[PDB]
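Residue numbers (the authors' numbering), protein chains in the order written: chain G, 16 to 49; chain Y, 1 to 67; chain W, 2 to 131, 146 to 271; chain H, 442 to 539; chain R, 148 to 245; chain A, 15 to 58; chain F, 588 to 874, 888 to 1077; chain B, 338 to 865; chain Z, 1 to 115. Quick reminder that beta carbons are idealized off the backbone N, C-alpha and C, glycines included. Data first, discussion second: the structure below is written as structure tokens.
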Amino acid sequence: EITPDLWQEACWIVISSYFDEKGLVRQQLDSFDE
Amino acid sequence: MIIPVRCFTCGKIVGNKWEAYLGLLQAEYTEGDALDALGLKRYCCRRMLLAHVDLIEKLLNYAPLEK
Amino acid sequence: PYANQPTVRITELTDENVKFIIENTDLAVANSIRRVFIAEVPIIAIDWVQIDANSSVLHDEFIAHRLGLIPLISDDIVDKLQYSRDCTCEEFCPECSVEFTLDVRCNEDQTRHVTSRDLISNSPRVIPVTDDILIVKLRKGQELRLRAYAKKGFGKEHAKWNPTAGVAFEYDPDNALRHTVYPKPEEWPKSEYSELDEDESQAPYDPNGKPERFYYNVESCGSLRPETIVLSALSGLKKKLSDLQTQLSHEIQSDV
Amino acid sequence: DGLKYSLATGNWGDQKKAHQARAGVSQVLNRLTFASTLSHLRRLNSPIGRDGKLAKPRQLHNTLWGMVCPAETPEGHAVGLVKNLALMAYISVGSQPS
Amino acid sequence: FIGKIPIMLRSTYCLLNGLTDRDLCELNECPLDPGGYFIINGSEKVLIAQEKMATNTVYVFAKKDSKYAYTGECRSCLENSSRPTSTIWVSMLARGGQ
Amino acid sequence: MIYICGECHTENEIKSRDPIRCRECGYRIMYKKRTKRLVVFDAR
Amino acid sequence: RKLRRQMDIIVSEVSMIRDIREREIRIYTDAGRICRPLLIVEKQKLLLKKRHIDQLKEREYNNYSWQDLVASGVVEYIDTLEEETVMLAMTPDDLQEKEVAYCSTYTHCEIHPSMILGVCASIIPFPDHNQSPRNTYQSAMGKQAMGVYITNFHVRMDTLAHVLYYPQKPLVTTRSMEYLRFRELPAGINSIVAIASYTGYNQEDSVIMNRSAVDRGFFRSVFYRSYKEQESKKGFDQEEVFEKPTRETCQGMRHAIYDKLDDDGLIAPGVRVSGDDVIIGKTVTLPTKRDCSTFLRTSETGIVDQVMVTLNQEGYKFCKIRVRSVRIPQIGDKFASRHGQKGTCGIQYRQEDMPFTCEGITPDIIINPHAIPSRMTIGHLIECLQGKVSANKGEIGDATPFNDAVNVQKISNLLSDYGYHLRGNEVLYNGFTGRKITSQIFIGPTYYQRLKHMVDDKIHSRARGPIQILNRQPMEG
Amino acid sequence: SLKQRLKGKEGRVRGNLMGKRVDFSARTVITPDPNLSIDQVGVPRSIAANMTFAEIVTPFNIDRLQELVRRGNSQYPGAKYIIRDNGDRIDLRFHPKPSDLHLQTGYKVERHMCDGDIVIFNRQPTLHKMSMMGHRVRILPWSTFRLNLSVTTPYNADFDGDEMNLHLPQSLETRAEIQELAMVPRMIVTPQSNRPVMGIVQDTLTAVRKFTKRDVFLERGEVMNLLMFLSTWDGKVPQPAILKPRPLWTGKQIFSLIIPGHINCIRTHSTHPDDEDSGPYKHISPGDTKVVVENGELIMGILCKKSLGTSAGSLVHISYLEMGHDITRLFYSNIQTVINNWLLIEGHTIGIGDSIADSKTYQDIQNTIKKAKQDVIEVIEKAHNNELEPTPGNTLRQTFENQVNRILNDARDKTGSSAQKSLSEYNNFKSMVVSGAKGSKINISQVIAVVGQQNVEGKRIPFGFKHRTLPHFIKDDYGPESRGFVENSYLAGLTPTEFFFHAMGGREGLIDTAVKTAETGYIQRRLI
Amino acid sequence: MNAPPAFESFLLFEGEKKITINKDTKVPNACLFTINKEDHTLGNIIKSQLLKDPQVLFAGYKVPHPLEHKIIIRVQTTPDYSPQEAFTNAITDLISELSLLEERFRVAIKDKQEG
RNA sequence: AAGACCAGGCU
Ligand SMILES: [Mg+2]
Ligand SMILES: [Zn+2]
Ligand SMILES: [Zn+2]
Ligand SMILES: [Zn+2]
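The following block contains the structure:
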């Protein structure tokens, strides 16, 4: 089950998913929306 | 913006190779093989096609002000 | 005491490229020849530009800058044309300029690539050298109309008048004169002109030697053939020396 | 006009009580480069006065790890007082403890 | 109608919300533009995050010349409703009596 | 005078005292055609 | 913690902290708390497994994303004062294993150590090979690097807009530039940089530039200036009318002649405008007229790019004019790499006078070697080597900060396979005499930025000009 | 109020009487020009066209002034104004006015600033009186002020976006004052520390050392070029040191022609060991490392910062004291020009191979670091089992910190010494450090071996979290890694924690630089 | 503003003499040649040709300032020979060498283009 | 006009 030293691909994939969902300015938009 | 006509260092014309480079890369050549196929030997001409960013495509999305 | 007797070997000769070796001549001779290859060879390039309509996304002097860098076939009439500073006329004529006209409209939906093929000249010898060289891309409804005059100049004025796409120059491929000092000779790749074995790094030091073969590789940008670039450079350097001899004959005659 | 004035001038409070208010908020967005625009949109300001010669609040604290960029601050009287946000840092928006 | 509230670009109440690349290009808006700024009188204004001390939590400090050896304080606010920024201090006077 | 509209991209005929609305679409932004007088550039 | 990880009745934004020694348990739902995501570690094993990575690699057309990753209890948001109770592992493959047993109670693991940097510091190649003041200097100077700031700039009417002719993405890139969109809007050019003392004009922090390259469009740019003006028709206005003044009819009059103006008193676009030229002819009808016409900034020497006529808030006639000028890099202009090495242009030499390799390559930029030893920017040298490797290989080099899979020996071994000296040195020939240079000069492609500061915007001279009203002293500015 | 008008800075007294805005002043960016003299400054034509100097008409210069008046303000050199005996100020810039262009003795013609004019030149932080020296105008293209590089260290200026002010005296008397008092060659030696202020800096110093080594043999054409770049040369080619196999000159032999007059000086090179003076070879130094100049000939020795730099008893200082200001100027200019033009042949560079050391040296450095870390572990274990005895006058914490700092400093010093010993004679880092041009032995050590301990307010990295530095470390960890000791070098790259600790270390320096300036300036003003 | 026009690298104006000859008073039989609007291309050539003359004692050139387009050549010869004669002879020898090189290069081109 | 705030640059 564990990631067998493929880690460089894995961590940048999850970082790409994070930045694809949120972006860079969510603190502005979330604050104003709330 | 758009591919420069001349390589800045030596002066070789790279303005007519952007479309061919794109075609080869679409035809499954890697960047190194495509640059060799186009005839760009020394690193100064290779960096031109390797590091170019084509913003003119993005600029052509906007409608003109002309009729 | 007396002048050189140099000799030329030519190894490779194509439409792009000329590899030749000059033997038995001075280093300063060779350096000035390779320097004249760049900066003193006359060629034809677009210099005056007037734009009538430009609704593209690139601005007027952007397009004018690209137009000047487009090589023009200069093979024949560059000896026949005058410099504009030499010429007797106050405005542009066939003895001192070539007229180019561009007229492109994008009526169709798909993007049109304006290339050097769309440049139309008044005379058949001096077409653009040339896929073709891309000047600008046009969306539907965009238009580009302009006139251009091409003049005669050389590399000192502007890099658009450079007839050449890099000159390779090399002498003493095996470091026998020790003009360069390798801290570790074993780490340096051997030149394609090296004449020594795979096992030894450098030729033995030659205290009596002087630089003696110059290896050349002149690569043309398309305006002039690489064979005629060298001939034009030699003729121009000889003409410069003859002009000094002439005017220095007058300066001695003043000193007399 | 209250919202418009306080967002235009930058003085944060009543215009008649501008002596009592806070200033420096709502600067003109920097459009020199895309990186400049992003850095300006992700930026933090310490309210501690700029004349303060006390070094302590300016120093890079251990607790900034992963939250605030260690490299990026202006040079001058505002060293360490203007801080930029890390790439993965997220500021909580708040919720009710019901 | 009681007034007009400026709208942060690309927020849930902006007209650019949920639009695609084609729509943004038709509107002469760059898709790469992140938003997160306001437009007031034609200029673009960006609110800078303002750092401040936390509220409702007890803190204990000391400062060298004060009459107190230790000063406990609690900057308190009622859920950011009706906020007075009321601060109590609870201090210990110095030992140095004579 | 003629100005081009900032949305429908048509020409509109207009004079110096006229308020700005486009005759085809009501839109309030106009652009002045590049003039007819010629400007010479060097290709340097 | 179970409920927070299951998102059941506790939002992931809520932080929970147990201080064991003081017997307190604190829960914060408050706004304004800063936090960052972390991977959960159970025992010695990550909760992130290969199926999560497979689904995230097939993220497209699967509606599986970072929110689904959070909902699975794999990643957790942690704020500042909860980190006090957290045992963090820098990387899983290194710190989870049975090395010599420093710790075994790891509870969290960083996604990647390079996520501690900001937006401007994430563009630096090899930032761990540089001095921290130089990293700070680069972070500050990157905001002033010129490029294409926004794609629709031809629509925008902004004052002081700078745009570059031929931006290039760096040949040596950071893994985080993809999320900063630096490929789409680059702010510089890759240039062949030789680190050598050539003629003494690059001493101190100066730079020698290639004039032949500059003539080919190297670091050429455009500067746009916008001008606002209006009829002001409200209140004590009379009217302030756009019209072309006649030569001596108005009161205010100057040696600036109005004849570039059109019928409505507005210069049409495409007209060359120089110093003192009147862009907008506006006359006051004054209780008999005053010229309030606007002029260009002195010596701006530009061309009218766009003219716009609208109606403002009030509903009176309001006009914007945008002027452009091209500005070719000169001696006084400021250039900088991505490492804090900033410098003006000491002198420009043509291609004939520049030193050249055996292949005819001449450097675009020559920088003094004396900038390196004291400033200790080794990342500059490593970038220069990596770019030389990449330009030959056809790939784009990876300069992400803390990756052990890149080192200088490996880069040298890769470069040695392409027929070059493995440390980047190369034999140069003197441009003036053609003789070889005794030393071998370090050369290679490096990413360089043109800065907003130019000498044409800074040069100033004074002799008996304007006088201040109150002090009768020379003006300020 | 009136009190507020007069009270503070920018108030009337300080802001308009003690200092004020002036006319005939120019500002622009400064760029280097090694082809200028040490008293010359390059001035753009636009600034020289704007700036004017009033000149009085007399029978000597009336023809030249009439030619300037007919050139007018359009062509570059002419006049802008003509001032009559009554004070009537005719302006040439708008109209030709051919009846008014007549000149007679007593008029004042305000001509454009020409070559040879005297100007005060200034850089703003203005700390001592060498921050404002009088220069001599030379007119050059483009738009930057140009000055010689030896003049940079008086002004503390570097060519990175720096701007400098230009003041032009408007009267003959004040021109005479600046010429006779504040000219650059008259300010070579400061009264502050009786040392020269200007010295040989950057490329030229490293080239001086490499040129003045023993191995430099110069061929005939190279000698003729270097002599072509001498301004004080008498025109006689010296007889070469080596004659028959081929004629070969030496670098010292040409440097002796640069040295003015008959100067006697004795210095020592930086790499001079103390063993040579004790035993034999006192006067025939094997490393070439003692300097002897007799009768204005450099007999032996390698020049460096200790000989051509700004120090007491330097060659330049002795030259000034013996020969005066006029000859020392030519001495600086000749050194600059001829040695830059020689450096055109040899060249200088820096690269990765200059920063990569030997594989055996790397192993030695790693062994030293491991031994040091083991020693710090054993000291920690001694304190943990309460076996450590407290030093007199010191707390247990104080002595523990002192011992650990001692161990780490010894480790860093030993690794640096090993790295410096591993350097080759061709290494460009060594070539720059030895000559004193730039860089230092600690910079080499940090580049090649070990960055070293990072300190915050002169202490080891504190505990910002409860009992630890970062969440990656365990509580109560006083080991070198946890407290900010950077084991790696810049070439090898730093780990994430070491990178953060180095950022913390540099932040302190930035803060100190930003803060100290106000106090220093306030002290300076109060002293003055 | 102050950018000079592109042509000061190669073109003379009214009043500029292409060559100016000044005698050097420091040393007998020494002369100083000033060539306007030229660069290293010609100075290096002339100096290298002059150094071959056995009757020339000194031969050197320099550019006083790169931003200016000017060459200064100093020639010192032995007592029974004029540096003016040395200069003319060097120029003639250079022209003679270049003509022969051109002819041999043309012959080589013709031999290469067939067989 | 003038005043205010802000941002940036060189030490
Ligand atoms: Mg500086
Ligand atoms: Zn190239
Ligand atoms: Zn004609
Ligand atoms: Zn319309």
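- Task: Just mark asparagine 44(Z) as buried or exposed, buried being the case when its beta carbon has 16 or more other beta carbons within 10 Å.
- Result: Answer is buried; the Cβ neighbour count reaches 16.
- Query: Quick one: does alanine 781(F) have its CB under 7 Å from some CB of chain Y?
  - Reply: Taking a beta-carbon distance threshold of 7 Å, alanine 781(F) does not count as an interface residue toward chain Y.
- Task: Could you list the residues in the stretch 195 to 218 of chain R with a C-beta less than 8 Å from some C-beta on chain H, going in chain order?
- Result: Those residues of the stretch 195 to 218 of chain R that come within reach of chain H (Cβ to Cβ, closer than 8 Å) are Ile195, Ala196, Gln197, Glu198 and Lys199.
- Message: Tell me which residues of the stretch 9 to 28 of chain Y have at least one Cβ-Cβ distance to chain R shorter than 9 Å, keeping chain order.
- Response: For the stretch 9 to 28 of chain Y, which is checked against every Cβ of chain R, not one residue is closer than 9 Å.
- Going by DSSP, which residues form a beta bridge with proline 533(B)? Paired residue(s): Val526(B).
- Message: Looking only at its chain, what residues have a beta carbon closer than 7 Å to the beta carbon of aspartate 168(R), apart from the 5 residues adjacent to it on each side?
- Response: In the same chain as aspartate 168(R), and ignoring 5 residues on each side of it, the C-beta atoms closer than 7 Å to its own belong to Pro178, in chain order.
- Item | Beta-carbon contacts of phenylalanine 101(W) that lie in its chain and below 6 Å, excluding the five residues immediately before and after | Same-chain partners within the cutoff: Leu120, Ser122 and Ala163.
- Message: Residues in the same chain with beta-carbon distance under 6 Å from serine 117(W), minus the five sequence neighbours each way, listed in chain order, please.
- Response: These residues qualify, in order along the chain: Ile71, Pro129, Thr131, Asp147 and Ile148.
- Could you tell me which residues DSSP pairs with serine 1012(F) in its beta bridges? Per DSSP, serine 1012(F) has no beta-bridge partner at all.
- Message: Bridge partners for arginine 222(R) per DSSP, in chain order?
- Response: Beta bridge pairing from DSSP links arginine 222(R) with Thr234(R).
- Would you decide whether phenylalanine 829(F) is buried or exposed? Buried here means 16 or more other CB atoms lie within 10 Å of its CB. Taking all protein chains shown into account, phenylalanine 829(F) has 16 or more neighbouring C-beta atoms within 10 Å of its C-beta and is therefore buried.
- Task: Examine chain F for any beta-carbon lying closer than 7 Å to the beta-carbon of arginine 37(A), and answer yes or no.
- Result: Output row for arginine 37(A): interface = no.
- Message: What ranges does the beta strand (DSSP E) occupy inside the stretch 30 to 85 of chain Z, keeping only unbroken runs of at least 3 residues that lie completely in it?
- Response: DSSP runs (the beta strand (DSSP E)) wholly in the stretch 30 to 85 of chain Z: 30 to 36, 56 to 62 and 70 to 77.
- When burial is assigned at 16 or more other CB atoms within 10 Å of the CB, is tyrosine 3(W) buried or exposed? Around the Cβ of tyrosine 3(W), a 10 Å sphere holds fewer than 16 other Cβ atoms; the residue is exposed.
- Task: Could you tell me the distance, in whole angstroms, from the CA atom of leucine 35(Y) to the CA atom of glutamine 26(Y)?
- Result: Roughly 13 Å between the two C-alpha positions.
- Query: What residues sit near ligand 1, counting only those whose C-beta is closer than 6 Å to one of its heavy atoms, in chain order?
  - Reply: Having a Cβ closer than 6 Å to some heavy atom of ligand 1 are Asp495(B), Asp497(B) and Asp499(B).
- Message: Can you tell me whether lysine 458(H) is helix, strand or coil according to DSSP?
- Response: Looking at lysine 458(H) - three-state DSSP - the assignment turns out to be coil, as it is neither helix nor strand.
- Report yes or no: do three or more beta-carbon pairs, one from the stretch 440 to 450 of chain B and one from the stretch 390 to 402 of chain B, lie closer than 8 Å? The stretch 440 to 450 of chain B, when compared against the stretch 390 to 402 of chain B, does touch it at the 8 Å Cβ threshold.
- the stretch 393 to 414 of chain B: positions lying closer than 7 Å to chain H by Cβ: When C-beta distances to chain H are compared with 7 Å, every residue of the stretch 393 to 414 of chain B stays at or above that value.
- Query: From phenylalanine 810(F) to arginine 401(B), what does the alpha carbon distance come to, in whole angstroms?
  - Reply: Going from the Cα of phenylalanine 810(F) to the Cα of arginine 401(B) covers about 43 Å.
- If we call anything under 7 Å between Cβ atoms a contact, is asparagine 992(F) one with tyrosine 1029(F)? Not a contact, by the Cβ cut-off of 7 Å.
- Item | Inter-residue spacing [alpha-carbon to alpha-carbon] between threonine 833(F) and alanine 464(H) | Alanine 464(H) has its alpha-carbon roughly 47 Å from the corresponding atom of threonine 833(F).
- The beta strand (DSSP E) enclosing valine 653(B), as first and last residue numbers: Premise fails: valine 653(B) lies in the alpha helix (DSSP H), 652 to 660, not in any beta strand (DSSP E).
- Query: Nearest-angstrom Cα distance between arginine 74(Z) and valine 1055(F)?
  - Reply: One C-alpha to the other measures close to 38 Å.
- Task: On a CA-only basis, which of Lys1058(F), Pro1045(F) and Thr944(F) is nearest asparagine 777(F)? Give me that one, please.
- Result: Nearest of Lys1058(F), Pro1045(F) and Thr944(F) to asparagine 777(F), Cα basis: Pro1045(F).
- Query: Is the beta carbon of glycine 776(B) sitting closer than 7 Å to the one on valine 784(B)?
  - Reply: With contacts defined as CB atoms closer than 7 Å, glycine 776(B) and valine 784(B) fail to qualify as a contacting pair.
- Does at least one heavy atom of ligand 2 sit under 6 Å from the Cβ of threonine 9(Y)? Yes, the beta carbon of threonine 9(Y) sits closer than 6 Å to at least one heavy atom of ligand 2.
- Message: Give me, in chain order, the residues of the same chain whose beta-carbon lies closer than 6 Å to that of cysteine 22(A); leave out the 5 immediate sequence neighbours on both sides.
- Response: If you ignore the 5 residues before and after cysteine 22(A), its C-beta comes within less than 6 Å of the C-beta of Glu38 and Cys39, all in its own chain and listed in chain order.
- Item | Residues near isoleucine 639(B) by beta carbon distance below 7 Å, same chain, minus five either side | The answer, listed in chain order, is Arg546, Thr549, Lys550, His606, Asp625 and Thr626.
- Query: What is the chain-ordered set of residues for which the beta carbon lies under 6 Å from any non-hydrogen atom of ligand 5?
  - Reply: The model on display carries ligand 1, ligand 2, ligand 3 and ligand 4 but not ligand 5.
- Cβ of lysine 166(W) within 6 Å of any heavy atom in ligand 2? Within the chosen limit of 6 Å, ligand 2 does not reach the beta carbon of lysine 166(W) with any heavy atom.
- Task: Enumerate in chain order the residues of its own chain whose CB-to-CB distance from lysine 70(Z) is below 8 Å, with the five nearest sequence positions on each side excluded.
- Result: Correct list, in chain order: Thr34, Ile35, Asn36, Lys37, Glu38, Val63 and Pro64.
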